[PDB]
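What the coordinates show
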Amino acid sequence: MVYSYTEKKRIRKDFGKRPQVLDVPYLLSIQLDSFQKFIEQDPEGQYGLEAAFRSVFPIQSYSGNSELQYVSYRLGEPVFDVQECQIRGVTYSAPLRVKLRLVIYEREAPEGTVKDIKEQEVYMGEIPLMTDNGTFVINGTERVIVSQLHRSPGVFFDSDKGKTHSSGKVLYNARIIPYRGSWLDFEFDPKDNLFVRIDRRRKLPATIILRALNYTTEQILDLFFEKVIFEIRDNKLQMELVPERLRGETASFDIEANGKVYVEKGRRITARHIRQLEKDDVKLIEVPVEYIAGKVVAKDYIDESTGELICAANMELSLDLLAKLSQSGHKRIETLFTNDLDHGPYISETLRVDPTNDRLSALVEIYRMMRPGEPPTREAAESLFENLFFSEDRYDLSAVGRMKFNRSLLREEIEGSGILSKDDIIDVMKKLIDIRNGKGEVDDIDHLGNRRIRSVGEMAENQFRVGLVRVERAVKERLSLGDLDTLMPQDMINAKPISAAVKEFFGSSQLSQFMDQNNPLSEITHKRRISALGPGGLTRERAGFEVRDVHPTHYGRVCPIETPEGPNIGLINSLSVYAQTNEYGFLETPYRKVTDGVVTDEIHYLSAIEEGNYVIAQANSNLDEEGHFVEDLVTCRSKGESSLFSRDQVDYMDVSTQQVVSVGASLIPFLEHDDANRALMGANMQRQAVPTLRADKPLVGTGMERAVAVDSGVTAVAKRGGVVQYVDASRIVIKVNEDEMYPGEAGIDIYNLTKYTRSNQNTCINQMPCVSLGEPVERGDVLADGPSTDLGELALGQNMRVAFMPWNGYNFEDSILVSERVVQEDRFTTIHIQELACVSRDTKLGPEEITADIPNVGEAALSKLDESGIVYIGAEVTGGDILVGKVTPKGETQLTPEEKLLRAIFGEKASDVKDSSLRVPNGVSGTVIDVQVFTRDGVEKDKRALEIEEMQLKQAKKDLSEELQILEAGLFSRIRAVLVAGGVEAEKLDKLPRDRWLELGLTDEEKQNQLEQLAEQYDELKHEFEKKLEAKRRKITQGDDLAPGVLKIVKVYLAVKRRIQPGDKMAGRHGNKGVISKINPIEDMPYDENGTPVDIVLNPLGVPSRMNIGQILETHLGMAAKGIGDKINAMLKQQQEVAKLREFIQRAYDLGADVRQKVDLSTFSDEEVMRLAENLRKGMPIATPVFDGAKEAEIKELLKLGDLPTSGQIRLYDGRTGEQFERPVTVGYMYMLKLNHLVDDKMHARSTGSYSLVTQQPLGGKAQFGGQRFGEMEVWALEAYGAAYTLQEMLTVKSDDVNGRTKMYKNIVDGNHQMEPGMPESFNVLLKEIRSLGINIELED
Amino acid sequence: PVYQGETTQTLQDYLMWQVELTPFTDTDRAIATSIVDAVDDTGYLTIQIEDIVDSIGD
Amino acid sequence: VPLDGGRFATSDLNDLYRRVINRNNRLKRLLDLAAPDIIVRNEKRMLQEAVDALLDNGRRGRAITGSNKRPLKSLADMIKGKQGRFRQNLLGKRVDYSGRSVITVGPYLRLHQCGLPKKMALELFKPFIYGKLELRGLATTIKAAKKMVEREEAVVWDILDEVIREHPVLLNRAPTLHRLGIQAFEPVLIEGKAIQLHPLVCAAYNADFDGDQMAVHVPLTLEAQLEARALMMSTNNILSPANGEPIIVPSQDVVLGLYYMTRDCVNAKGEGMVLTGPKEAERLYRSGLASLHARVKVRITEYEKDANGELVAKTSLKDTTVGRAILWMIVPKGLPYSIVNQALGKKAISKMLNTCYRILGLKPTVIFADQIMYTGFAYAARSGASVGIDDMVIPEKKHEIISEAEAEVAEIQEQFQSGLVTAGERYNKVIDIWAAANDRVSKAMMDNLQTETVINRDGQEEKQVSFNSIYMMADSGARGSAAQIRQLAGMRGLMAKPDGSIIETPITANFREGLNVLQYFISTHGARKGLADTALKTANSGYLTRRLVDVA
Amino acid sequence: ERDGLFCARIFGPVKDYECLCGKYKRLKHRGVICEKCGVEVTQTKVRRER
């Protein structure tokens, strides 16, 4: 039945034509699921922090009899919590301490240890801990490190079709990229020449790398080429014949198979003769002599008597050699096949181009080629070649490369070494040659099986390993020099490089960026994005075009909808709602198991490759009562191409209809009724939904809005939900029941709300409570509602009554007409808490003290300041006024009489300081919420900090008091329960506890003992609380750690408030965007017989050109919901009976097909029905799935239910003339979302400001006063007009010329309106820059 | 790079700025700069008035 | 590069300088001590390399910085490339009088006006207001005028209105391919923070009213104002400089209004009667006649220019409708009556304005254009066109056509499995069959979305043109086309998205019903390809324009 | 610093009409070279033209 009593207030009418089997996951366990293994203690050193130590920590000195052993590590407790780290401005990290061991061995004795120093733990830097949901705290901010998509390490075979020489050929190449080390490639030439290009170097020669591995010429010839048979005795030339290999088009002559000739000379080839020759036993048959000239020798042969160098390897045989190989005695000279069809001579064709033939002369050529400046000395030629990609310390693949290597070569074993071997390259080249010949298929680049996502879990590990391998060198160099000496373990292990690397990775990187706090959806979308940019993958952003495209394997692993429309389109992707990371790093997707025609409730997570082997059905297929199919031929996918199959060949089936949809694109109603472009742009604009004052519920509904809101990590939940006792605007206490609590605790939980706290985009983060007083709350229920939330669900915008009609050309193309009743009703009003801050910057001449009595300033302007010089919180600071007075101590002079006289005249002003306070930026206004102040510990100041100090302390004082308060009662209660029938009265003990009157003859036995026992406990508690808060005080007044010069800062938080205006840009979920055009009064708006004028007017010209029937359906559903809500409101206002209301609600809920059941009067106690009806009296919310929403018939039925025209259109009147429109116009309440780009945040103009020192040009960006670049596209427009004079006045006079702009200003102020060209400064700068070289240039006459 | 060293005013250029706007003749403008350039930034002028007459060269 | 104060962090331009300086100093100091030949040779080689890298660090230099591996800025890279001195000395420098405000719409303006916010003013025409206050005596000095402007009193707004009375201004948009991207306008003060814009000139700037940032430049000198008034003024360039055709032609809303106000019916309210001609407007605001009343006789005065361009009047009592009769008053005298007695689509008013500019002149053409825009906005507001779920209807024979097509595909695949048809032949035959089915569905859609509105009469059936909003906004030419409407009722088609490969089974759904997940997923590839192509073609077009302009 | 980059005695002075020395710090002396430090007191604008 129904549950979640908190959600049971406003029940959403979901349709759900398809049932649900798999519950929606946490939807935000990717960053935290991968970062957890980085700190969790693993039983074996496989992954995480153990894999960073067990890998390269046990380093050994250079024969110094020293060893470094690792026992275990531990992470200390953080100094501050998540709250204080963002307030103060310090990072949130935990200290790392590890116990090491220094094993020293005595010389001249094997395995002889004298002592060990494994009794001290060393601290190696602080690792940045992770917050409750995926986020991190760095320098008071909140950053996110997006996971990066990388091709899995392994062997890849590219094609490069029609891009070699424009001749129509292809060069099948091969590449092998490891996880850490150097690369290796095998390129192919149109002239059948192989390359050994390494690390994108020059084109290397033929396969000499195999010759450098002790493999001689004959070994490679026997390996890559096979010798079938050869025999010659007394000029017989008899050889065995194989039908599969020795074939071709025709035969020259002399073809007899044991007597009777099967294939005559000069006859066509027949398969029947080949079959008859293969069936019958055929021995070695005679062959002509002309075939000897064509075939090439395989191995090296020499004469028996003479041992000269005749008959070398890789040399075609000739007739002149025949005699000289006939008398030598070589009867068996093995040869090659040399078949252009299958077994090509490509290997032999490249061996003849090798400059060297011996391994020694071969291994020295690659050394001078990889390194430009290096002489062959027989010293590094072997070591560098062995340490390049054959050493463990310089080459590794983390077993992922090994798995992909074993999988691409049809190997069964999955375990191997990180380094490469000879047989590995042998098999790689063999498969490459086979693919070139036509054995095998070309691998796919953009296939997801080859791609994998890397989160912080396997990136912070790499960063820590890189930071530790640097200190490893210092440890090695220190253990060698001065080893025989007793020292501390922390002798040379300084965690400077490790800390620097961790800081460079987390703080400022290419993947670590500020999160989008515009809305709860923005952050949950940004945490689930996937990018291909960063330190790896492709080369740059201008990489290719076929990579940034959708693939058939992108069905249920990424989102093809959510993607930007900028220069990085396609590269950015979004994870699906059911996507999940694999153990190796791949992407998996769930599917139900379908056996013997029935569907089993069990699910399996298939990967990208495994999905290609089975047959996967669709979620939109009908299902019988017994799990059977209605239609025999169901649409299913087999190998990418979907088609109809029988009910017996189906293997798997999808889970839901939103499996191909992400977390943000699933919040679009009627997605299938929208174009792929409009839905895309609507989901993109949905990320930037700016919140408002009161979030309005999405009456239309799209699905798991409650789930998205509760998983976005923006609201507060109630863990161990019991009973609520005290509610407040910033504090909520909850008394947990006896069942859901453990002993040793008071049994209360406290939640401190977050009220008006800044975000990464100056968006206020406010929270609101939900329970009033003494309401039972279950576990996991939402207690507090944050920004853009309403009763636990997500609400990005507001419901608004729209009407698609032209209105005096104000909605001409895409402008949205807005009534005046929308500004009056405080709708779409946003708060903006921007906050600047003035430093101290203590000099060396004096300490500029922030005072409250500066010079050159009236008393009226200093009437807003404090006694210590700091703007009172609550003041309505506007324009440009003093915010934080601060005078810099200027170096005072000496005697100079005038000063002496002047000084006496006034005092403490003349020759004292140089006024320079904060001053609110020219263009900022609004009340100042609160001011924070950080001071360097040890400085005798704390003027206004004391006030703040008390406040903070006070809050904590009561915070831990309540818990203790309750404890006290129990103690007395126990004493009062122990004093029962012990000669004690009621009022006597009530008047004053006093430890039960010091056990005044309660029982004269255990009574006193109990009392004593209780006394101790009571006293213990007192001391406990004392020290409990004792530490708290210390931390609060522990001081702040700033920089060097800075003395004491004081950040002030301003707080504006904007209503809407004709320059604001709003949009919807469907993609229909636009700016306002006019704010017309209420009366001008259209209306009808009843009234209620529309608030928003839209343009219907977009619907035909842009397929957005989804918004029409949304409008109709909103109209029906509002009609039902108005009927309910009327029934509540007429004070009707509860039975009629309950019947009406049940009838409005139970309408539709057998898709969902919901009935009242079975769980509600006649009191929750009125509560439910009060929450939706302004309209009840609906819910329609992504690809399983309501149908037109159901919408028309819901419209007819609400006592209104079934069509949806209605005859509207005119609010200006007063007549009626002949054509009916569609009305309803749709959902609108406010955007971030406004007009009061970008509009700026100027005429004269400050210009740069270079070429004397103004600024371009939004500085105090900046201009706009006048590009070439603008002057090209002017040259075709005749604006030569305008161009002349815009190029020099008002841009570059220094005296020119001043003279122009003078002439305009005087009223002359003339121009003097002169000469710009940019040309002079150019001449000065050209004269800096050996080039002469000067102006002549 | 960063050769955008924004410039400023402060009673030397600002003082000179006003000079142009007002109607001062060639002989007067010339003289104006002499006295507007002897104005110490701290507060008042440096040299005496008679100095200024001698540094006109008349 | 003045930093916080701790380290200056110079612009890495004097670093090469100090390197060369100290290298030459140590070389000259070593030369005086008679060093060995090898040492002095290596030192002079290092000096040569340092001097060669100082001029340019892009030839065997590979210079790095102290912070990261960034190339050191030489004296040759700051004079070339995209960012450099030759792109800061040419038209690449920022200019004052910026603008930068969101563009909105305005139906009360004319062809040579623009809504300028009062807040954007008082900062642009600042030296002008200063001079005005100085001449009016209300400003004794310059500091006084500056103080009065800073306080923003009542008098400075009147002074600004007086100054900006007849001072031309010019507008510019960031993407400006053709010369029409920069025009001039007469600024008009409007309360607000957004810049209004004429609906007809919008097509000139190629905007869609999703307002981006704009630019507003102010001519200071007299000759610049003269050039902006005589050459850059919008009332001077009406035709396109590429083909000599008018571009100020009305847009969707005006087209829709003019098409709705010009439409004949069968049995209207009070048809048949004879009208004077200027009386049709009276019965429009009352109930004695409909705008769509056909078979109505009303005389009109047609002026011709036969005798040496002299206006000769002629009356013939032509039969027309109430709407066309009312529109005729807007039509000037120098035009015949056979230009408005029609359907009046998009091309109709275009060629009407073309003929008007050809015959009657520029000023009367501009007058006719603004009046046409006014009356089109008015009739489009009075009409009340809306799009609903009932405004589109799926053909009833569509399911039968789909069943026949799938039966034909089944027969084709059966013949293929029998061994008579190969793979490629069967594939092409299935493609052709699906194309024929799509064509037949598209043809049957027009049977219901066109001339399918029967009205009761003496014959009970007349089969006049339909009055569906989807069809009236399409056929007129306002917005959309028949191919886009086809996807609304019929089938989308084959949609060969992946690498152009056609799929055997095409999408048989429409944007009104509920599409399948797989069909939407397949269709998504085409949009991803299209968006990428549109994002990529812009750079190529810009490079082509740059090269062509630089060459010619 | 003396005889270096941005130094005195070349590239114009660091101020309007005064050398780094500290004499002739006014318009009274315009085209004379100070004996203490040989820095011209011509103008500050001349620094970008030397």
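Residues numbered from 1 in each chain as written, not as in the entry; some residues may be left out. Chains lettered and ligands numbered in written order. Part of a larger assembly, values for the part shown. Heavy atoms only, no water. Residues with missing side-chain atoms left out of burial classes, pairs and counts.

In the PDB archive, cryo-EM is given as the structure determination method for this entry, at a resolution of 3.4 Å.

1. Digging into the overall build of chain A
Here is the rule: Starting at the N terminus, helices and strands are each numbered in turn, a helix being any DSSP run of H or I of at least four residues and a strand any DSSP run of E of at least two. Should any heavy atoms of two residues lie within 4.5 Å, those residues are considered in contact.
Assigned secondary structure in chain A consists of 33 helices and 47 strands. Oriented by its inertia axes, the alpha-carbon framework of chain A measures out at about 130 × 115 × 95 Å. Look at the contacts in chain A between residues 6 or more apart in sequence, and 69% of them connect residues 24 or more apart.

2. Description of the overall build of chain B
Rule in force here: The size measure is the radius of gyration over C-alpha atoms, and the globule rule it meets is 2.2 Å times the number of residues to the 0.38 power.
Check the secondary structure of chain B and you find three helices and zero strands. Counting helices and strands in the order they occur from the N terminus, chain B gives α-α-α. For 58 residues, the compact-globule estimate of 2.2 N^0.38 gives 10 Å, and chain B exceeds it by more than 25% at 14 Å. Based on the C-alpha atoms only, the size of chain B along its principal axes is roughly 50 × 25 × 20 Å.

3. Thoughts on unusual backbone geometry
Within the chain, A:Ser4 stands out as a residue other than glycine whose phi angle is a positive 60 degrees. Structurally, A:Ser4 can be placed in the segment before β1 (13-14). Located in the positive-phi region is C:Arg62, a residue other than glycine, with phi close to 55 degrees. As for its placement among the helices and strands, C:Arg62 is situated in the loop between α2 (37-55) and β1 (94-95).

4. Examining the interface of chain C and chain A
Note the threshold: Throughout, the accessible surface (probe 1.4 Å) given up by two parts as they are put together, summed over both, is called the buried area. In the sections that follow, a salt bridge refers to a side-chain nitrogen of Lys or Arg positioned within 4 Å of a carboxyl oxygen of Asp or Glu. Pairs of N or O atoms within 3.5 Å make up the polar contacts considered here, provided that, within protein, one atom can donate a hydrogen while the other can accept it, and that residues adjacent in sequence are counted only when both atoms are side-chain atoms. Following the grouping adopted for this structure description, the nonpolar residues are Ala, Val, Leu, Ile, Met, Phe, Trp, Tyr, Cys and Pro, the charged ones are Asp, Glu, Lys and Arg, and the polar ones are all others, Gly among them. Strand pairing is defined by DSSP finding a minimum of two bridges between the two strands.
Of the residues lining the interface, 123 residues belong to chain C; the matching set on chain A comes to 136 residues. When chain C packs against chain A, close to 12,000 Å² is buried across both sides, 62% of that on carbon and sulfur atoms. The largest share of the area that chain C buries against chain A comes from C:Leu91, C:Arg94 and C:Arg528, three residues that together contribute 8% of it. Connecting chain C to chain A are seven salt bridges. The partner of C:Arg85 in a salt bridge is A:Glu1329, with the nearest N and O atoms 2.6 Å apart. There are 34 residue pairs in polar contact connecting chain C and chain A. Of the residues forming the side of chain C that touches chain A, the biggest block, 19 residues, is contributed by helix α17 (residues 517-551) of chain C. When the residues that make up the side of chain C that touches chain A are grouped by side-chain class, the tally is 62 nonpolar, 32 polar and 29 charged. With two bridges connecting them, strand β47 (residues 1268-1269) of chain A and β1(C) associate as antiparallel partners.

5. A short note on the pairing of strand β20 (residues 587-595) of chain A
Residues and elements named next belong to chain A. Short version of the rule: Throughout, exposure labels follow a simple rule: accessible area from a 1.4 Å probe, protein chains only, divided by the maximum for the residue type, with under 20% read as buried, over 50% as exposed, and the rest as partly exposed.
Burial of β20 is extensive: seven of the nine residues sit out of reach of the surface. Of the pairings in the sheet, the one linking strand β19 (residues 580-581) to β20 comprises two bridges and is antiparallel in character. Bridge pairing links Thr581 to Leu587 in β20. Taking the residues that link successive antiparallel strands as the turn, the β19-β20 hairpin has five residues, and the phi of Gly585 there is positive, at about 135 degrees. Bridge analysis of β20 against strand β21 (residues 598-606) gives six bridges, and the strand direction is antiparallel. The residue bridging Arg592 from the neighbouring strand is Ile603, located in β21. Turn length for the β20-β21 hairpin, with the two strands adjacent in sequence and antiparallel, is two residues, and the turn residue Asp596 shows positive phi of about 40 degrees. Pairing between β20 and strand β24 (residues 652-653): two bridges, direction antiparallel.

6. A word on the sheet that holds strand β30 (residues 782-785) of chain A
Residue and element names in this part refer to chain A. Taking strand neighbours across the sheet as the criterion, the three strands line up as β25-β30-β29 in an open arrangement whose pairing is antiparallel. Looking at which strands have only one partner, the edges of the open sheet turn out to be β25 (716-717) and β29 (768-769). Across two bridges, β25 lies against β30 in antiparallel orientation. Counterpart to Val717 in the pairing with β30 is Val782.

7. Some remarks on the side chain of A:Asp749
All names here are of chain A. Within the secondary structure, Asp749 is located in strand β28 (residues 748-752). By relative accessible area, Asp749 is classed as buried at 6%. If we skip the residues at most four places from it in the chain, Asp749 touches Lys719, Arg720, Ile732, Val733 and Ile734.

8. Re the side chain of C:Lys398
Residues and elements named next belong to chain C. What counts here: As used throughout, the charge tally considers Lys and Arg to be positive and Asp and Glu to be negative, leaving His and the chain termini uncounted.
Locating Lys398 in the fold gives a position in helix α13 (residues 398-418). Buried within the structure, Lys398 lacks any salt-bridge partner; its nearest side chain of opposite charge belongs to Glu513, at an N-O separation of 5.1 Å. Those residues in contact with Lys398 that sit more than four places away from it in its chain are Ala489, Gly490, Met491, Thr508 and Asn510.

9. Some words on the sheet that holds strand β2 (residues 113-117) of chain C
Residues and elements named next belong to chain C. Inclusion rule: Here, axes are lines fitted to C-alpha atoms. For helices the fit covers the stretch in contact, and angles between N-to-C directions go from 0 to 180 degrees.
What the four strands build is an open sheet, ordered β2-β4-β3-β5; its pairing is mixed. Each end of this open sheet is capped by a strand with a single partner; those strands are β2 and β5 (214-217). The average undirected angle you get between the axes of adjacent strands in this sheet is 50 degrees. In this sheet, strand β4 (residues 182-190) lies alongside strand β3 (residues 169-173) in antiparallel orientation, the contact comprising four bridges. Residue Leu171 lies in a different strand from β4, and its bridge partner there is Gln183.

10. Topic: helix α11 (residues 346-359) of chain C
All names here are of chain C. We apply this condition: What a helix is expected to span follows from its residue count: subtract one and scale by 1.5 Å.
With 14 residues, α11 should reach 20 Å at 1.5 Å per residue; the first-to-last C-alpha distance of 20 Å fits that figure. Structurally, α11 contributes buried residues whose contacts are with α8 (252-260) and α12 (363-383). Once α11 finishes, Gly361 follows within two positions and takes phi at roughly 130 degrees, a positive value.

11. A word on the packing of aromatic side chains
Here is the rule: Two rings belonging to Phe, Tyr or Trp (six-membered ring only in the last case) form a pair when the distance between their centres is within 6.5 Å. Interplanar angles under 30 degrees mark stacking, angles over 60 mark edge-to-face geometry, and anything in between is tilted. Two conditions define a charge sitting above a ring: the NZ of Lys or the CZ of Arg must be within 6 Å of the ring centre, and it must be within 35 degrees of the ring normal.
Under the counting rule described, the total for this entry stands at 23 aromatic pairs over all chains. When the ring of A:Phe35 is compared with that of A:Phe136, the centres are 5.4 Å apart and the planes differ by 80 degrees; the resulting orientation is edge-to-face. With A:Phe35 in helix α1 (residues 31-39) and A:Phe136 in strand β6 (residues 136-138), the pair connects residues that are 101 residues apart, well separated along the chain. Ring plane angle 25 degrees and centroid distance 6.3 Å describe the contact between A:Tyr1087 and A:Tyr1213, whose orientation is recorded as stacked. Placement of A:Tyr1087 in the loop between β42 (1073-1080) and β43 (1096-1097) and of A:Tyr1213 in the loop between β45 (1209-1210) and β46 (1225-1234) is noted, with a sequence separation of 126 residues between them. Geometry around A:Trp807 places A:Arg1216 over its ring, the cationic atom sitting 5.0 Å from the centre. Its end group placed over the ring of D:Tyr24, D:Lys23 keeps NZ or CZ at 5.8 Å from the ring centre.

12. Brief notes about a negative patch on the surface
Formally: Patches here are clusters of residues that have more than 30% relative accessible area and form no salt bridge, with a 9 Å joining cutoff for like charges and a 5 Å cutoff for nonpolar side chains (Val, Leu, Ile, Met, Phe, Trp, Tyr). Methods summary: accessible areas were calculated by the Shrake-Rupley approach with a probe of 1.4 Å, and residue burial reflects only the protein chains presented. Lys charges are placed at NZ, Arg charges at CZ, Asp charges at CG and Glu charges at CD.
Among the surface-exposed residues, A:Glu218, A:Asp222, A:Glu226 and A:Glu334 lie close enough to one another that they form a single negatively charged patch. Overall, A:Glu226 belongs to the exposed group, its relative accessible area being 52%.

13. What about the pairing of strand β22 (residues 634-637) of chain A?
On any regular strand, side chains alternate: one points to one face of the sheet, the next to the other face. Residue and element names in this part refer to chain A. Two elements, β22 and strand β23 (residues 642-645), share four bridges in a ladder whose sense is antiparallel. Across the sheet, the residue bridging to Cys636 is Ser643, located in β23. Counted along the chain from β22 to the antiparallel partner β23, the turn is four residues long, and its residue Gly640 has a positive phi close to 100 degrees.

14. Considering the packing of helix α26 (residues 1109-1133) of chain A against helix α29 (residues 1192-1201) of chain A
Residue and element names in this part refer to chain A. Rules: Every angle not falling under 35 degrees, over 145, or within 65 to 115 is termed oblique; those three ranges are roughly parallel, roughly antiparallel and roughly perpendicular. The hand of a helix crossing depends on one turn: near helix anticlockwise from the far one by less than a right angle means left-handed, and clockwise means right-handed.
For the pair α26 and α29, interaxial distance at closest approach is 9 Å and the crossing angle is 30 degrees. By the angle class used here, α26 and α29 are roughly parallel. Crossing of α26 against α29: the hand is left-handed. Contact residues: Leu1113, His1116, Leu1117, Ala1120, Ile1124 and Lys1127 in α26; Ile1195, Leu1198, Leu1199 and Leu1201 in α29. Looking at the contact of α26 with α29, its residues break down into eight nonpolar, one polar and one charged.

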